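What's in data.txt: compact mmCIF, N, CA and C atoms and all ligand atoms
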# COMPACT_ATOMS: atom_id res chain seq x y z
N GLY A 1 0.82 -1.21 0.00
CA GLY A 1 0.00 0.00 0.00
C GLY A 1 0.84 1.24 0.00
N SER A 2 1.58 1.44 -1.07
CA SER A 2 2.42 2.60 -1.27
C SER A 2 2.70 2.73 -2.77
N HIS A 3 2.84 3.96 -3.26
CA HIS A 3 3.18 4.19 -4.66
C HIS A 3 4.61 3.73 -4.91
N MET A 4 5.46 4.06 -3.95
CA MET A 4 6.88 3.78 -3.97
C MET A 4 7.17 2.28 -4.16
N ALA A 5 6.72 1.49 -3.23
CA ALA A 5 6.96 0.07 -3.25
C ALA A 5 5.77 -0.63 -2.66
N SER A 6 5.45 -1.80 -3.19
CA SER A 6 4.31 -2.60 -2.74
C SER A 6 2.97 -1.89 -2.99
N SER A 7 2.43 -2.09 -4.16
CA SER A 7 1.19 -1.48 -4.53
C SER A 7 0.07 -2.52 -4.39
N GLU A 8 -1.10 -2.09 -3.97
CA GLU A 8 -2.20 -3.00 -3.75
C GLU A 8 -3.02 -3.20 -5.01
N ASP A 9 -2.96 -4.41 -5.48
CA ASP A 9 -3.67 -4.91 -6.66
C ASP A 9 -3.25 -6.33 -6.78
N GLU A 10 -2.01 -6.49 -7.10
CA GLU A 10 -1.36 -7.74 -7.16
C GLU A 10 0.10 -7.44 -7.28
N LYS A 11 0.88 -8.05 -6.43
CA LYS A 11 2.30 -7.80 -6.36
C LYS A 11 2.99 -8.34 -7.59
N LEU A 12 3.31 -7.45 -8.49
CA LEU A 12 3.95 -7.80 -9.72
C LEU A 12 5.46 -7.92 -9.48
N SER A 13 6.17 -8.56 -10.38
CA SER A 13 7.57 -8.79 -10.17
C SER A 13 8.38 -7.50 -10.30
N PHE A 14 7.87 -6.52 -11.05
CA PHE A 14 8.61 -5.29 -11.24
C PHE A 14 8.61 -4.43 -9.97
N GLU A 15 7.45 -4.27 -9.35
CA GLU A 15 7.37 -3.52 -8.10
C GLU A 15 8.20 -4.22 -7.02
N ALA A 16 8.23 -5.54 -7.09
CA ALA A 16 9.03 -6.33 -6.19
C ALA A 16 10.50 -6.05 -6.42
N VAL A 17 10.96 -6.16 -7.67
CA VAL A 17 12.37 -5.96 -7.98
C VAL A 17 12.82 -4.51 -7.64
N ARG A 18 11.93 -3.53 -7.89
CA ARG A 18 12.25 -2.15 -7.57
C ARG A 18 12.26 -1.97 -6.06
N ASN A 19 11.45 -2.79 -5.36
CA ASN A 19 11.37 -2.74 -3.90
C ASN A 19 12.71 -3.17 -3.30
N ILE A 20 13.25 -4.29 -3.77
CA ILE A 20 14.52 -4.73 -3.22
C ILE A 20 15.63 -3.75 -3.63
N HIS A 21 15.50 -3.13 -4.82
CA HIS A 21 16.41 -2.03 -5.21
C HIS A 21 16.21 -0.83 -4.24
N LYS A 22 14.95 -0.58 -3.88
CA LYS A 22 14.53 0.47 -2.99
C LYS A 22 15.15 0.29 -1.59
N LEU A 23 15.50 -0.94 -1.24
CA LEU A 23 16.27 -1.20 -0.01
C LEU A 23 17.51 -0.29 0.05
N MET A 24 18.09 0.00 -1.11
CA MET A 24 19.19 0.94 -1.24
C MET A 24 18.65 2.31 -1.58
N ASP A 25 17.79 2.36 -2.58
CA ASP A 25 17.23 3.63 -3.02
C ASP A 25 16.03 3.99 -2.20
N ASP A 26 16.26 4.77 -1.17
CA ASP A 26 15.23 5.15 -0.19
C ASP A 26 13.96 5.71 -0.81
N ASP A 27 14.10 6.62 -1.76
CA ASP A 27 12.92 7.27 -2.35
C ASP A 27 12.37 6.47 -3.49
N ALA A 28 13.12 5.46 -3.88
CA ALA A 28 12.80 4.57 -4.99
C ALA A 28 12.42 5.34 -6.24
N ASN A 29 13.36 6.04 -6.77
CA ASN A 29 13.15 6.85 -7.95
C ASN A 29 13.64 6.09 -9.15
N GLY A 30 14.11 4.89 -8.90
CA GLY A 30 14.60 4.05 -9.96
C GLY A 30 16.10 3.99 -9.98
N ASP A 31 16.73 4.87 -9.24
CA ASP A 31 18.17 4.92 -9.13
C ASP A 31 18.60 5.40 -7.78
N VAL A 32 19.50 4.67 -7.19
CA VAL A 32 19.98 5.02 -5.91
C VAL A 32 21.13 5.98 -6.03
N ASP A 33 21.04 7.06 -5.32
CA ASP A 33 22.12 7.99 -5.26
C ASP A 33 22.97 7.65 -4.06
N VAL A 34 24.19 8.12 -4.07
CA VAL A 34 25.17 7.84 -3.04
C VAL A 34 24.65 8.12 -1.63
N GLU A 35 23.93 9.22 -1.48
CA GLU A 35 23.40 9.64 -0.20
C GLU A 35 22.29 8.72 0.26
N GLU A 36 21.54 8.21 -0.69
CA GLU A 36 20.38 7.39 -0.39
C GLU A 36 20.81 6.06 0.18
N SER A 37 21.84 5.53 -0.38
CA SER A 37 22.38 4.25 0.01
C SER A 37 23.29 4.29 1.24
N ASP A 38 23.49 5.48 1.84
CA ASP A 38 24.54 5.71 2.88
C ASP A 38 24.69 4.57 3.87
N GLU A 39 23.71 4.28 4.71
CA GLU A 39 23.85 3.09 5.56
C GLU A 39 23.44 1.85 4.78
N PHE A 40 22.43 2.06 3.94
CA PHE A 40 21.69 1.02 3.25
C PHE A 40 22.51 0.02 2.50
N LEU A 41 23.17 0.42 1.43
CA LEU A 41 23.88 -0.57 0.62
C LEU A 41 24.91 -1.30 1.48
N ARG A 42 25.70 -0.46 2.23
CA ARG A 42 26.84 -0.93 3.01
C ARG A 42 26.46 -2.08 3.87
N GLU A 43 25.61 -1.82 4.79
CA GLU A 43 25.31 -2.76 5.79
C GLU A 43 24.23 -3.67 5.38
N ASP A 44 23.14 -3.07 4.89
CA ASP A 44 21.89 -3.76 4.66
C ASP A 44 22.03 -4.87 3.66
N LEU A 45 23.06 -4.82 2.77
CA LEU A 45 23.33 -6.02 2.01
C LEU A 45 24.81 -6.32 1.90
N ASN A 46 25.68 -5.32 2.01
CA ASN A 46 27.07 -5.60 1.77
C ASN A 46 27.76 -5.99 3.06
N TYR A 47 27.04 -5.80 4.20
CA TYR A 47 27.50 -6.11 5.56
C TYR A 47 28.90 -5.59 5.95
N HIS A 48 29.43 -4.67 5.17
CA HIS A 48 30.72 -4.06 5.45
C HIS A 48 30.85 -2.74 4.70
N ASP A 49 31.31 -2.80 3.47
CA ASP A 49 31.49 -1.62 2.67
C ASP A 49 30.90 -1.86 1.30
N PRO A 50 30.09 -0.93 0.83
CA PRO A 50 29.32 -1.09 -0.42
C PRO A 50 30.10 -0.78 -1.68
N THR A 51 31.37 -0.51 -1.52
CA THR A 51 32.27 -0.19 -2.59
C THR A 51 32.25 -1.29 -3.63
N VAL A 52 32.09 -2.52 -3.14
CA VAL A 52 32.03 -3.69 -3.98
C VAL A 52 30.83 -3.58 -4.92
N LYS A 53 29.64 -3.43 -4.37
CA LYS A 53 28.48 -3.34 -5.20
C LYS A 53 28.36 -2.06 -5.99
N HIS A 54 28.72 -0.94 -5.39
CA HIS A 54 28.66 0.34 -6.09
C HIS A 54 29.57 0.32 -7.32
N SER A 55 30.85 0.06 -7.09
CA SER A 55 31.81 0.13 -8.17
C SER A 55 31.78 -1.11 -9.08
N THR A 56 31.19 -2.20 -8.63
CA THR A 56 31.00 -3.32 -9.52
C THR A 56 29.82 -3.06 -10.46
N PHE A 57 28.72 -2.55 -9.92
CA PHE A 57 27.56 -2.36 -10.75
C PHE A 57 27.71 -1.17 -11.69
N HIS A 58 27.90 0.01 -11.13
CA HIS A 58 28.03 1.19 -11.96
C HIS A 58 29.40 1.21 -12.60
N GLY A 59 30.40 1.11 -11.76
CA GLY A 59 31.75 1.05 -12.20
C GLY A 59 32.46 2.33 -11.95
N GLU A 60 31.98 3.34 -12.59
CA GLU A 60 32.58 4.65 -12.55
C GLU A 60 32.01 5.47 -11.38
N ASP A 61 30.86 5.08 -10.91
CA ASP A 61 30.18 5.81 -9.87
C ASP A 61 29.39 4.82 -9.03
N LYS A 62 28.45 5.29 -8.28
CA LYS A 62 27.80 4.54 -7.29
C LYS A 62 26.28 4.41 -7.50
N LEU A 63 25.80 4.78 -8.66
CA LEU A 63 24.35 4.76 -8.89
C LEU A 63 23.88 3.41 -9.39
N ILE A 64 22.90 2.87 -8.72
CA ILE A 64 22.30 1.59 -9.06
C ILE A 64 20.93 1.93 -9.63
N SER A 65 20.48 1.28 -10.69
CA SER A 65 19.18 1.60 -11.27
C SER A 65 18.32 0.33 -11.39
N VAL A 66 17.01 0.43 -11.10
CA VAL A 66 16.10 -0.74 -11.09
C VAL A 66 16.05 -1.45 -12.42
N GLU A 67 15.76 -0.72 -13.48
CA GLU A 67 15.64 -1.36 -14.77
C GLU A 67 17.00 -1.86 -15.22
N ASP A 68 18.04 -1.18 -14.78
CA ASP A 68 19.38 -1.55 -15.15
C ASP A 68 19.74 -2.83 -14.41
N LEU A 69 19.21 -2.96 -13.19
CA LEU A 69 19.30 -4.19 -12.42
C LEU A 69 18.57 -5.28 -13.12
N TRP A 70 17.38 -4.97 -13.58
CA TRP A 70 16.57 -5.92 -14.38
C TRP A 70 17.41 -6.52 -15.54
N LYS A 71 17.99 -5.63 -16.35
CA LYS A 71 18.85 -6.04 -17.45
C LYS A 71 20.09 -6.79 -16.95
N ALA A 72 20.69 -6.28 -15.88
CA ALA A 72 21.87 -6.88 -15.28
C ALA A 72 21.56 -8.27 -14.76
N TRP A 73 20.48 -8.40 -14.03
CA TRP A 73 20.01 -9.66 -13.46
C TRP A 73 19.85 -10.69 -14.53
N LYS A 74 19.20 -10.33 -15.64
CA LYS A 74 19.04 -11.26 -16.76
C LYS A 74 20.40 -11.70 -17.37
N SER A 75 21.43 -10.91 -17.15
CA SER A 75 22.75 -11.17 -17.68
C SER A 75 23.68 -11.72 -16.59
N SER A 76 23.21 -11.72 -15.37
CA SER A 76 24.01 -12.14 -14.25
C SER A 76 23.79 -13.61 -13.95
N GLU A 77 24.68 -14.17 -13.14
CA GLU A 77 24.68 -15.58 -12.76
C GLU A 77 23.33 -15.99 -12.18
N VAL A 78 22.76 -15.07 -11.42
CA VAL A 78 21.48 -15.22 -10.74
C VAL A 78 20.35 -15.72 -11.64
N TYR A 79 20.14 -15.08 -12.77
CA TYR A 79 19.02 -15.42 -13.66
C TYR A 79 19.25 -16.76 -14.37
N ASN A 80 20.48 -17.23 -14.32
CA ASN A 80 20.84 -18.50 -14.93
C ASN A 80 20.67 -19.65 -13.93
N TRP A 81 20.69 -19.33 -12.66
CA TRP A 81 20.60 -20.33 -11.62
C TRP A 81 19.22 -20.96 -11.48
N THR A 82 19.18 -22.27 -11.68
CA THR A 82 17.97 -23.03 -11.55
C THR A 82 17.75 -23.38 -10.05
N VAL A 83 16.78 -24.24 -9.76
CA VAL A 83 16.43 -24.57 -8.40
C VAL A 83 17.59 -25.28 -7.68
N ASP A 84 18.25 -26.22 -8.34
CA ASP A 84 19.40 -26.94 -7.73
C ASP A 84 20.50 -25.97 -7.30
N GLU A 85 20.83 -25.08 -8.22
CA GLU A 85 21.84 -24.06 -8.03
C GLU A 85 21.44 -23.16 -6.87
N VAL A 86 20.21 -22.67 -6.90
CA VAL A 86 19.73 -21.78 -5.87
C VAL A 86 19.68 -22.49 -4.50
N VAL A 87 19.38 -23.79 -4.50
CA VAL A 87 19.34 -24.56 -3.31
C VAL A 87 20.70 -24.60 -2.64
N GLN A 88 21.74 -24.91 -3.43
CA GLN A 88 23.07 -24.99 -2.86
C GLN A 88 23.53 -23.59 -2.48
N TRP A 89 23.04 -22.61 -3.20
CA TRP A 89 23.38 -21.24 -2.98
C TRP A 89 22.76 -20.75 -1.70
N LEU A 90 21.48 -21.04 -1.53
CA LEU A 90 20.75 -20.58 -0.38
C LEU A 90 21.34 -21.20 0.86
N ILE A 91 21.74 -22.45 0.79
CA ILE A 91 22.32 -23.03 1.96
C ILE A 91 23.71 -22.46 2.24
N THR A 92 24.58 -22.42 1.22
CA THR A 92 25.97 -22.02 1.42
C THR A 92 26.09 -20.51 1.72
N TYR A 93 25.06 -19.77 1.39
CA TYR A 93 25.07 -18.35 1.61
C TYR A 93 24.07 -17.91 2.65
N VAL A 94 22.83 -18.27 2.47
CA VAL A 94 21.77 -17.82 3.34
C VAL A 94 21.82 -18.58 4.67
N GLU A 95 22.38 -19.80 4.63
CA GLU A 95 22.55 -20.64 5.81
C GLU A 95 21.19 -21.11 6.30
N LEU A 96 20.31 -21.36 5.36
CA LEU A 96 19.00 -21.87 5.67
C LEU A 96 18.90 -23.34 5.29
N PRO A 97 18.98 -24.25 6.26
CA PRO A 97 18.92 -25.69 6.01
C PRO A 97 17.47 -26.19 5.87
N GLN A 98 16.60 -25.27 5.57
CA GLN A 98 15.19 -25.53 5.37
C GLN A 98 14.93 -25.69 3.86
N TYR A 99 16.00 -25.83 3.15
CA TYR A 99 16.02 -25.83 1.70
C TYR A 99 15.09 -26.85 1.08
N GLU A 100 15.03 -28.04 1.67
CA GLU A 100 14.21 -29.13 1.18
C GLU A 100 12.78 -28.65 1.09
N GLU A 101 12.29 -28.19 2.22
CA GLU A 101 10.94 -27.75 2.36
C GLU A 101 10.64 -26.54 1.51
N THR A 102 11.51 -25.56 1.53
CA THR A 102 11.24 -24.34 0.80
C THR A 102 11.27 -24.57 -0.71
N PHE A 103 12.24 -25.32 -1.22
CA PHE A 103 12.28 -25.52 -2.64
C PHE A 103 11.10 -26.36 -3.09
N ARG A 104 10.69 -27.32 -2.27
CA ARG A 104 9.53 -28.14 -2.63
C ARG A 104 8.22 -27.33 -2.48
N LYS A 105 8.25 -26.29 -1.63
CA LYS A 105 7.09 -25.43 -1.43
C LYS A 105 6.91 -24.41 -2.55
N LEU A 106 7.93 -23.67 -2.90
CA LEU A 106 7.75 -22.66 -3.91
C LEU A 106 8.61 -22.83 -5.15
N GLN A 107 9.64 -23.67 -5.06
CA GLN A 107 10.63 -23.86 -6.14
C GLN A 107 11.31 -22.55 -6.46
N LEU A 108 12.37 -22.28 -5.78
CA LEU A 108 13.05 -21.04 -5.97
C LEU A 108 14.13 -21.17 -7.01
N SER A 109 14.63 -20.05 -7.49
CA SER A 109 15.63 -19.99 -8.52
C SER A 109 16.03 -18.52 -8.68
N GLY A 110 16.62 -18.17 -9.82
CA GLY A 110 17.05 -16.81 -10.08
C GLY A 110 15.92 -15.79 -10.14
N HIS A 111 14.71 -16.24 -10.41
CA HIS A 111 13.52 -15.36 -10.42
C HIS A 111 13.03 -15.21 -8.98
N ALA A 112 13.11 -16.31 -8.28
CA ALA A 112 12.67 -16.31 -6.95
C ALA A 112 13.58 -15.50 -6.08
N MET A 113 14.87 -15.48 -6.40
CA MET A 113 15.87 -14.69 -5.66
C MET A 113 15.43 -13.24 -5.39
N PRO A 114 15.08 -12.41 -6.42
CA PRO A 114 14.58 -11.10 -6.15
C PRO A 114 13.20 -11.18 -5.57
N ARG A 115 12.36 -12.12 -6.05
CA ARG A 115 11.00 -12.16 -5.46
C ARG A 115 11.02 -12.49 -3.94
N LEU A 116 12.01 -13.24 -3.47
CA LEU A 116 12.08 -13.60 -2.06
C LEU A 116 12.91 -12.61 -1.24
N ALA A 117 13.67 -11.76 -1.92
CA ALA A 117 14.55 -10.80 -1.24
C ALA A 117 13.77 -9.68 -0.55
N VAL A 118 12.46 -9.66 -0.74
CA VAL A 118 11.64 -8.67 -0.09
C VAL A 118 10.56 -9.32 0.80
N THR A 119 10.65 -9.02 2.10
CA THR A 119 9.74 -9.48 3.18
C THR A 119 9.63 -11.02 3.34
N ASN A 120 9.31 -11.48 4.55
CA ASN A 120 9.18 -12.93 4.79
C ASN A 120 7.91 -13.42 4.13
N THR A 121 6.91 -12.53 4.09
CA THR A 121 5.56 -12.78 3.60
C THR A 121 5.56 -13.49 2.25
N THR A 122 6.37 -12.99 1.35
CA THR A 122 6.47 -13.49 0.02
C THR A 122 7.02 -14.93 0.00
N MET A 123 8.14 -15.11 0.66
CA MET A 123 8.92 -16.34 0.59
C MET A 123 8.39 -17.49 1.47
N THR A 124 7.84 -17.19 2.63
CA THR A 124 7.39 -18.26 3.50
C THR A 124 6.08 -18.90 3.00
N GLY A 125 6.23 -20.01 2.29
CA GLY A 125 5.09 -20.74 1.79
C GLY A 125 4.33 -21.42 2.91
N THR A 126 5.04 -21.96 3.86
CA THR A 126 4.42 -22.61 4.99
C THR A 126 5.31 -22.47 6.23
N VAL A 127 6.36 -23.25 6.29
CA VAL A 127 7.28 -23.19 7.39
C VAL A 127 8.67 -22.86 6.86
N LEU A 128 9.14 -21.70 7.21
CA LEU A 128 10.41 -21.23 6.74
C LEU A 128 10.93 -20.11 7.64
N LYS A 129 11.75 -20.52 8.60
CA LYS A 129 12.43 -19.67 9.59
C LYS A 129 11.44 -18.86 10.44
N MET A 130 11.25 -19.29 11.68
CA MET A 130 10.31 -18.65 12.61
C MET A 130 10.68 -17.18 12.86
N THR A 131 11.96 -16.91 12.91
CA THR A 131 12.43 -15.57 13.12
C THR A 131 12.30 -14.72 11.86
N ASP A 132 11.32 -13.83 11.87
CA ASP A 132 11.05 -12.89 10.78
C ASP A 132 12.27 -12.15 10.36
N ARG A 133 12.91 -11.49 11.32
CA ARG A 133 14.01 -10.66 10.97
C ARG A 133 15.18 -11.48 10.54
N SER A 134 15.40 -12.59 11.19
CA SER A 134 16.52 -13.43 10.83
C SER A 134 16.30 -14.01 9.42
N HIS A 135 15.05 -14.34 9.12
CA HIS A 135 14.67 -14.87 7.84
C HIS A 135 14.94 -13.84 6.76
N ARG A 136 14.29 -12.70 6.89
CA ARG A 136 14.40 -11.66 5.91
C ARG A 136 15.80 -11.10 5.83
N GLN A 137 16.54 -11.11 6.94
CA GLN A 137 17.92 -10.64 6.91
C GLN A 137 18.79 -11.56 6.08
N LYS A 138 18.74 -12.86 6.34
CA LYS A 138 19.56 -13.78 5.59
C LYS A 138 19.16 -13.80 4.12
N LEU A 139 17.87 -13.89 3.88
CA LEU A 139 17.39 -13.92 2.53
C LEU A 139 17.68 -12.64 1.80
N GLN A 140 17.40 -11.48 2.39
CA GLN A 140 17.64 -10.23 1.68
C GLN A 140 19.13 -10.05 1.42
N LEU A 141 19.97 -10.33 2.42
CA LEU A 141 21.41 -10.13 2.29
C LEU A 141 21.95 -10.94 1.14
N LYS A 142 21.66 -12.21 1.13
CA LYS A 142 22.25 -13.06 0.14
C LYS A 142 21.52 -13.01 -1.20
N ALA A 143 20.20 -12.96 -1.18
CA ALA A 143 19.42 -12.90 -2.42
C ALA A 143 19.64 -11.60 -3.13
N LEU A 144 19.64 -10.51 -2.38
CA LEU A 144 19.83 -9.23 -2.95
C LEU A 144 21.26 -9.09 -3.46
N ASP A 145 22.24 -9.51 -2.67
CA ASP A 145 23.64 -9.48 -3.15
C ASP A 145 23.79 -10.38 -4.39
N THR A 146 22.99 -11.43 -4.46
CA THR A 146 23.00 -12.31 -5.61
C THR A 146 22.34 -11.67 -6.86
N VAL A 147 21.23 -10.97 -6.69
CA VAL A 147 20.56 -10.34 -7.83
C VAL A 147 21.35 -9.13 -8.30
N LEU A 148 22.13 -8.56 -7.39
CA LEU A 148 22.91 -7.40 -7.70
C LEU A 148 24.31 -7.77 -8.21
N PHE A 149 25.06 -8.52 -7.43
CA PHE A 149 26.43 -8.89 -7.81
C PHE A 149 26.43 -10.29 -8.42
N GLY A 150 25.91 -11.25 -7.69
CA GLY A 150 25.85 -12.62 -8.19
C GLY A 150 27.10 -13.40 -7.87
CA CA A 201 16.56 7.55 -5.02

Now that the file is in, can you turn its structure into structure tokens?
Ligand SMILES: [Ca+2]
Amino acid sequence: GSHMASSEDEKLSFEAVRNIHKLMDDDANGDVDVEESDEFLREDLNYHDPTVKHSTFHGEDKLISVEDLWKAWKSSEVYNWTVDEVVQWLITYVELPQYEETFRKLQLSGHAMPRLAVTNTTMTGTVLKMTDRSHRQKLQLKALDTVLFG
């Protein structure tokens, strides 16, 4: 229920993908500016310094763009990763040994990566990490870093 992110009608994949981009881009204008990402990129997904994602994605600067992410994602390792790949990925990165249940519940992959990187609500089909914050933290950190860097 917001124009910015999460619109009420039906959660489309674009609003979702821009939402996880919006994790960095506070105002969600389609591109994150350096100031917008200040704590956000660094910690919220890079868990240290966002120089990696900023200078890897843009290269010359620090601006990340939703549609550009869309194009990047389709060209990145993430969009190529099938369920098996994502399963080993989710475990080795997200540290969620609930993989059996979750993959059999929703069948995740490179599409699911951005779709699950936003809120527990989306990803928890039935039973998947009781801890909301711990769930969304692990998933957003690794899924988002995966859709962004890969
Ligand atoms: Ca912005």

**Complete:** Computed gap from atom N of residue 106 in chain A to atom N of residue 83 in chain A is 11.2 Å

**Message:** Could you list, as an MDAnalysis selection string, all residues that come within 8 Å of ligand CA 201 (chain A)? Count only N, CA and C atoms and all ligand atoms.
**Reply:** chainID A and resid 22 24:37

Shell around residue 94 in chain A at 8 Å using all atoms listed in the file, local window under 2 positions removed, as a JSON list (two decimals) with N, CA and C atoms, keeping the file's coordinate frame:
[["chain", "number", "residue", "atom", "x", "y", "z"],
["A", 88, "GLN", "N", 21.74, -24.91, -3.43],
["A", 88, "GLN", "CA", 23.07, -24.99, -2.86],
["A", 88, "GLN", "C", 23.53, -23.59, -2.48],
["A", 89, "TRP", "N", 23.04, -22.61, -3.20],
["A", 89, "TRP", "CA", 23.38, -21.24, -2.98],
["A", 89, "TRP", "C", 22.76, -20.75, -1.70],
["A", 90, "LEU", "N", 21.48, -21.04, -1.53],
["A", 90, "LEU", "CA", 20.75, -20.58, -0.38],
["A", 90, "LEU", "C", 21.34, -21.20, 0.86],
["A", 91, "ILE", "N", 21.74, -22.45, 0.79],
["A", 91, "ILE", "CA", 22.32, -23.03, 1.96],
["A", 91, "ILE", "C", 23.71, -22.46, 2.24],
["A", 92, "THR", "N", 24.58, -22.42, 1.22],
["A", 92, "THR", "CA", 25.97, -22.02, 1.42],
["A", 92, "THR", "C", 26.09, -20.51, 1.72],
["A", 96, "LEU", "N", 20.31, -21.36, 5.36],
["A", 96, "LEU", "CA", 19.00, -21.87, 5.67],
["A", 96, "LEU", "C", 18.90, -23.34, 5.29],
["A", 97, "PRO", "N", 18.98, -24.25, 6.26],
["A", 97, "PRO", "CA", 18.92, -25.69, 6.01],
["A", 97, "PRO", "C", 17.47, -26.19, 5.87],
["A", 137, "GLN", "N", 16.54, -11.11, 6.94],
["A", 137, "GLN", "CA", 17.92, -10.64, 6.91],
["A", 137, "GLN", "C", 18.79, -11.56, 6.08],
["A", 138, "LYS", "N", 18.74, -12.86, 6.34],
["A", 138, "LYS", "CA", 19.56, -13.78, 5.59],
["A", 138, "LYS", "C", 19.16, -13.80, 4.12],
["A", 139, "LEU", "N", 17.87, -13.89, 3.88],
["A", 139, "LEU", "CA", 17.39, -13.92, 2.53],
["A", 139, "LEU", "C", 17.68, -12.64, 1.80],
["A", 140, "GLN", "N", 17.40, -11.48, 2.39],
["A", 140, "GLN", "CA", 17.64, -10.23, 1.68],
["A", 140, "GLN", "C", 19.13, -10.05, 1.42],
["A", 141, "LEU", "N", 19.97, -10.33, 2.42],
["A", 141, "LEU", "CA", 21.41, -10.13, 2.29],
["A", 141, "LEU", "C", 21.95, -10.94, 1.14],
["A", 142, "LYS", "N", 21.66, -12.21, 1.13],
["A", 142, "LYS", "CA", 22.25, -13.06, 0.14],
["A", 142, "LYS", "C", 21.52, -13.01, -1.20],
["A", 143, "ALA", "N", 20.20, -12.96, -1.18],
["A", 143, "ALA", "CA", 19.42, -12.90, -2.42],
["A", 143, "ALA", "C", 19.64, -11.60, -3.13]]

**Request:** Skip residue 99 in chain A itself and residues of its chain fewer than 4 positions away, then list as a list in words all residues within 6.5 Å of it, counting all atoms listed in the file.
**Result:**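 My list of contacting residues is residues 87, 103 and 104 of chain A.
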
**Request:** Write out as a PyMOL selection string which residues come within 6.5 Å of range 68-77 of chain A when counting only N, CA and C atoms, dropping same-chain ones fewer than 4 positions away.
**Result:** chain A and resi 64+81+147+149-150

Output as JSON lines one row per residue of range 1-97 of chain A within 6.5 Å of range 108-129 of chain A: the closest atom pair and its distance in Å to one decimal place, counting all atoms listed in the file, sorted by chain and residue number ascending.
{"residue": "A:16", "atom": "C", "partner": "A:114", "partner_atom": "C", "distance": 5.9}
{"residue": "A:17", "atom": "CA", "partner": "A:114", "partner_atom": "C", "distance": 5.8}
{"residue": "A:19", "atom": "C", "partner": "A:118", "partner_atom": "CA", "distance": 6.5}
{"residue": "A:20", "atom": "CA", "partner": "A:117", "partner_atom": "C", "distance": 5.7}
{"residue": "A:78", "atom": "C", "partner": "A:110", "partner_atom": "CA", "distance": 3.8}
{"residue": "A:79", "atom": "CA", "partner": "A:110", "partner_atom": "CA", "distance": 4.3}
{"residue": "A:80", "atom": "N", "partner": "A:110", "partner_atom": "CA", "distance": 5.5}
{"residue": "A:81", "atom": "C", "partner": "A:110", "partner_atom": "N", "distance": 4.2}
{"residue": "A:82", "atom": "C", "partner": "A:109", "partner_atom": "CA", "distance": 4.3}
{"residue": "A:83", "atom": "CA", "partner": "A:108", "partner_atom": "C", "distance": 4.3}
{"residue": "A:86", "atom": "CA", "partner": "A:109", "partner_atom": "CA", "distance": 5.2}
{"residue": "A:87", "atom": "N", "partner": "A:108", "partner_atom": "C", "distance": 6.4}

**Message:** Please compute the CA of residue 15 in chain A-CA of residue 100 in chain A distance, one decimal, in Å.
**Reply:** 28.1 Å
